[PDB]
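This report refers to the structure that appears directly beneath it.
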Amino acid sequence: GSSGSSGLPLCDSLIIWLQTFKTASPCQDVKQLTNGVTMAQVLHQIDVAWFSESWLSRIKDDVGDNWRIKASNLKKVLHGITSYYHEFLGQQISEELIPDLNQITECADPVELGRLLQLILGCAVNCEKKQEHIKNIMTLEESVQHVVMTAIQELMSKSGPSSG
């Protein structure tokens, strides 16, 4: 491989964060994450309570030569987070954060792919072990820490109450 950036910041940075997870599937370019396995594997690391082997066991990697298998996964990955915002936290997710899987599996756009990563980073900053991750950010590159840190703030601003 080689060193170099590509795509918007929200994604050009989020990736550097997901890199900390050397899961069965690495995280280099957006075209490598589009699969969904990488992300899913990361979710299990954040909290097994909501992401246990039982769930991650539904994700496949064969996507390599299959594009249909990708979506199937990307779906679970997202659904696994969203619910974690309405169930665990209780809040919801704005269409602004809602990752367009269809646009990530068919188009694989960097602007969309970055969104999916945001959801994962947001849940990792609102949990018990969250701290264990927060440190992984301060270790990243200054410029990176910024974007990675911004996402969190955007996750609290976009969030919306239910009643009361």
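In the structure tokens, chains take letters A, B, ... by order of appearance, with residues numbered from 1 within each chain and ligands from 1 in the order shown.
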Inset, instruction - Give me every helix (DSSP H, G or I) residue in region 14-151 of chain A, going by DSSP on the backbone, as a VMD selection string. - result: chain A and resid 14 to 18 30 to 33 37 to 46 53 to 56 62 to 65 68 to 89 101 to 105 110 to 123 130 to 139 142 to 151
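By only C-alpha atoms, and with residues fewer than 3 positions from residue 8 (chain A) along its chain excluded, the set lying at most 7 Å from it is residues 11, 12, 110 and 111 of chain A.
Those residues that approach residue 84 (chain A) to within 12 Å, counting only C-alpha atoms, are residues 43, 46, 47, 49, 50, 51, 77, 78, 90, 91, 92, 93, 119, 120, 122, 123, 124, 126 and 127 of chain A; same-chain residues fewer than 6 positions away are not listed.
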Legend entry - residue 60 (chain A) surroundings by only C-alpha atoms, 8 Å radius, close-in-sequence under 3 positions cut, as a VMD selection string: chain A and resid 37 57 63 69 to 70 73
Restrict the selected residues to N, CA, C and O atoms and save them as a short mmCIF file (atom, residue, chain, number, x, y, z; two decimals), in the first residue's frame.
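The resulting out29.cif:
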data_model
loop_
_atom_site.label_atom_id
_atom_site.label_comp_id
_atom_site.auth_asym_id
_atom_site.auth_seq_id
_atom_site.Cartn_x
_atom_site.Cartn_y
_atom_site.Cartn_z
N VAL A 37 -18.40 -5.66 6.70
CA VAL A 37 -17.78 -6.56 7.68
C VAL A 37 -16.89 -5.78 8.65
O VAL A 37 -17.02 -5.91 9.87
N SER A 57 -22.25 -12.83 13.54
CA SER A 57 -22.23 -14.12 12.86
C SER A 57 -23.11 -14.10 11.62
O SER A 57 -23.09 -15.02 10.81
N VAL A 63 -18.45 -10.98 0.16
CA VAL A 63 -18.80 -9.82 -0.65
C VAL A 63 -17.71 -9.52 -1.67
O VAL A 63 -17.98 -8.98 -2.75
N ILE A 69 -24.18 -9.33 -1.26
CA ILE A 69 -23.86 -9.68 0.11
C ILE A 69 -23.46 -8.46 0.92
O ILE A 69 -23.61 -8.42 2.14
N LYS A 70 -22.94 -7.45 0.23
CA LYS A 70 -22.51 -6.21 0.88
C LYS A 70 -23.69 -5.53 1.57
O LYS A 70 -23.68 -5.34 2.79
N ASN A 73 -25.17 -6.89 4.71
CA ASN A 73 -24.39 -6.58 5.90
C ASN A 73 -24.59 -5.12 6.32
O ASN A 73 -25.06 -4.84 7.43
#
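Of the residues under consideration (A:1, A:108, A:156, A:98), A:156 shows the shortest atom-to-atom contact distance to residue 125 (chain A) when counting only C-alpha atoms.
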Got a sec: who's within 8 Å of region 134-148 of chain A, counting only C-alpha atoms, leaving out chain neighbours fewer than 6 positions off, as a PDB file with N, CA, C and O atoms, in the first residue's frame?
ATOM      1  N   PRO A   9     -13.479  15.115   4.497  1.00  0.00           N
ATOM      2  CA  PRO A   9     -12.840  14.973   5.809  1.00  0.00           C
ATOM      3  C   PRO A   9     -13.588  14.001   6.715  1.00  0.00           C
ATOM      4  O   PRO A   9     -12.993  13.088   7.288  1.00  0.00           O
ATOM      5  N   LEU A  10     -14.895  14.202   6.839  1.00  0.00           N
ATOM      6  CA  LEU A  10     -15.725  13.342   7.676  1.00  0.00           C
ATOM      7  C   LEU A  10     -15.367  11.874   7.471  1.00  0.00           C
ATOM      8  O   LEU A  10     -15.511  11.056   8.381  1.00  0.00           O
ATOM      9  N   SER A  13     -11.034  11.134   7.689  1.00  0.00           N
ATOM     10  CA  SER A  13     -10.532  11.078   9.057  1.00  0.00           C
ATOM     11  C   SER A  13     -11.127   9.889   9.806  1.00  0.00           C
ATOM     12  O   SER A  13     -10.417   9.153  10.491  1.00  0.00           O
ATOM     13  N   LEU A  14     -12.437   9.707   9.670  1.00  0.00           N
ATOM     14  CA  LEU A  14     -13.130   8.609  10.332  1.00  0.00           C
ATOM     15  C   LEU A  14     -12.406   7.287  10.096  1.00  0.00           C
ATOM     16  O   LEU A  14     -12.280   6.466  11.006  1.00  0.00           O
ATOM     17  N   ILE A  16      -9.232   6.714   9.625  1.00  0.00           N
ATOM     18  CA  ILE A  16      -8.050   6.643  10.474  1.00  0.00           C
ATOM     19  C   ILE A  16      -8.405   6.143  11.870  1.00  0.00           C
ATOM     20  O   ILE A  16      -7.591   5.503  12.537  1.00  0.00           O
ATOM     21  N   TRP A  17      -9.624   6.438  12.305  1.00  0.00           N
ATOM     22  CA  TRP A  17     -10.088   6.016  13.623  1.00  0.00           C
ATOM     23  C   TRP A  17     -10.441   4.534  13.626  1.00  0.00           C
ATOM     24  O   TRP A  17     -10.043   3.792  14.527  1.00  0.00           O
ATOM     25  N   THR A  20      -7.862   1.594  14.068  1.00  0.00           N
ATOM     26  CA  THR A  20      -7.458   1.054  15.359  1.00  0.00           C
ATOM     27  C   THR A  20      -7.931  -0.385  15.526  1.00  0.00           C
ATOM     28  O   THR A  20      -7.330  -1.166  16.265  1.00  0.00           O
ATOM     29  N   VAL A 125     -18.758   6.648  21.960  1.00  0.00           N
ATOM     30  CA  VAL A 125     -18.505   7.814  22.798  1.00  0.00           C
ATOM     31  C   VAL A 125     -19.660   8.060  23.762  1.00  0.00           C
ATOM     32  O   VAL A 125     -19.709   9.085  24.440  1.00  0.00           O
TER      33      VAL A 125
END
10 Å contact set for residue 100 (chain A), only C-alpha atoms, chain neighbours under 5 positions out, as a PDB file with N, CA, C and O atoms, in the first residue's frame:
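See result_3.pdb below for the written result:
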ATOM      1  N   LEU A  74     -24.243  -4.205   5.428  1.00  0.00           N
ATOM      2  CA  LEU A  74     -24.384  -2.779   5.702  1.00  0.00           C
ATOM      3  C   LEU A  74     -25.682  -2.495   6.452  1.00  0.00           C
ATOM      4  O   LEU A  74     -25.736  -1.616   7.312  1.00  0.00           O
ATOM      5  N   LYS A  75     -26.726  -3.246   6.119  1.00  0.00           N
ATOM      6  CA  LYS A  75     -28.026  -3.078   6.762  1.00  0.00           C
ATOM      7  C   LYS A  75     -27.936  -3.376   8.255  1.00  0.00           C
ATOM      8  O   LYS A  75     -28.253  -2.527   9.088  1.00  0.00           O
ATOM      9  N   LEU A  78     -25.933  -0.836  10.284  1.00  0.00           N
ATOM     10  CA  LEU A  78     -26.669   0.390  10.575  1.00  0.00           C
ATOM     11  C   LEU A  78     -27.765   0.136  11.604  1.00  0.00           C
ATOM     12  O   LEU A  78     -27.829   0.803  12.637  1.00  0.00           O
ATOM     13  N   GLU A  95     -31.736  12.338   9.466  1.00  0.00           N
ATOM     14  CA  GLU A  95     -31.483  11.878   8.106  1.00  0.00           C
ATOM     15  C   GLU A  95     -30.100  12.316   7.632  1.00  0.00           C
ATOM     16  O   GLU A  95     -29.575  11.792   6.650  1.00  0.00           O
ATOM     17  N   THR A 105     -23.119   0.858  -1.554  1.00  0.00           N
ATOM     18  CA  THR A 105     -22.911  -0.447  -2.170  1.00  0.00           C
ATOM     19  C   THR A 105     -22.974  -0.353  -3.690  1.00  0.00           C
ATOM     20  O   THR A 105     -22.303  -1.106  -4.395  1.00  0.00           O
ATOM     21  N   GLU A 106     -23.783   0.577  -4.188  1.00  0.00           N
ATOM     22  CA  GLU A 106     -23.932   0.768  -5.626  1.00  0.00           C
ATOM     23  C   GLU A 106     -23.014   1.881  -6.126  1.00  0.00           C
ATOM     24  O   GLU A 106     -22.481   1.810  -7.233  1.00  0.00           O
ATOM     25  N   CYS A 107     -22.835   2.907  -5.300  1.00  0.00           N
ATOM     26  CA  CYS A 107     -21.983   4.036  -5.657  1.00  0.00           C
ATOM     27  C   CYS A 107     -20.698   4.027  -4.837  1.00  0.00           C
ATOM     28  O   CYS A 107     -19.617   4.305  -5.356  1.00  0.00           O
ATOM     29  N   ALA A 108     -20.822   3.706  -3.554  1.00  0.00           N
ATOM     30  CA  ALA A 108     -19.670   3.661  -2.662  1.00  0.00           C
ATOM     31  C   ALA A 108     -19.096   5.056  -2.434  1.00  0.00           C
ATOM     32  O   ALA A 108     -17.910   5.209  -2.146  1.00  0.00           O
ATOM     33  N   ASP A 109     -19.945   6.069  -2.568  1.00  0.00           N
ATOM     34  CA  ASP A 109     -19.523   7.450  -2.378  1.00  0.00           C
ATOM     35  C   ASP A 109     -18.869   7.635  -1.011  1.00  0.00           C
ATOM     36  O   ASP A 109     -19.291   7.057  -0.010  1.00  0.00           O
ATOM     37  N   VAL A 111     -18.735  10.450   0.719  1.00  0.00           N
ATOM     38  CA  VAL A 111     -19.573  11.307   1.550  1.00  0.00           C
ATOM     39  C   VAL A 111     -20.566  10.484   2.363  1.00  0.00           C
ATOM     40  O   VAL A 111     -20.901  10.838   3.492  1.00  0.00           O
ATOM     41  N   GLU A 112     -21.031   9.384   1.779  1.00  0.00           N
ATOM     42  CA  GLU A 112     -21.987   8.511   2.450  1.00  0.00           C
ATOM     43  C   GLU A 112     -21.272   7.534   3.380  1.00  0.00           C
ATOM     44  O   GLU A 112     -21.628   7.400   4.551  1.00  0.00           O
ATOM     45  N   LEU A 113     -20.260   6.854   2.850  1.00  0.00           N
ATOM     46  CA  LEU A 113     -19.494   5.890   3.631  1.00  0.00           C
ATOM     47  C   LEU A 113     -19.062   6.490   4.965  1.00  0.00           C
ATOM     48  O   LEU A 113     -19.133   5.835   6.004  1.00  0.00           O
ATOM     49  N   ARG A 115     -20.518   8.642   6.728  1.00  0.00           N
ATOM     50  CA  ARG A 115     -21.658   8.734   7.631  1.00  0.00           C
ATOM     51  C   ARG A 115     -21.788   7.468   8.474  1.00  0.00           C
ATOM     52  O   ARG A 115     -21.917   7.535   9.697  1.00  0.00           O
ATOM     53  N   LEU A 116     -21.754   6.317   7.812  1.00  0.00           N
ATOM     54  CA  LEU A 116     -21.869   5.036   8.500  1.00  0.00           C
ATOM     55  C   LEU A 116     -20.844   4.927   9.625  1.00  0.00           C
ATOM     56  O   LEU A 116     -21.158   4.470  10.723  1.00  0.00           O
TER      57      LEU A 116
END
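Closest approach to residue 102 (chain A) from the set A:163, A:3, A:72, A:19 is made by A:72, with distances taken over only C-alpha atoms.
For the residues A:40, A:103, A:35, A:131, ranking by smallest atom-to-atom distance to residue 21 (chain A) using only C-alpha atoms places A:40 first.
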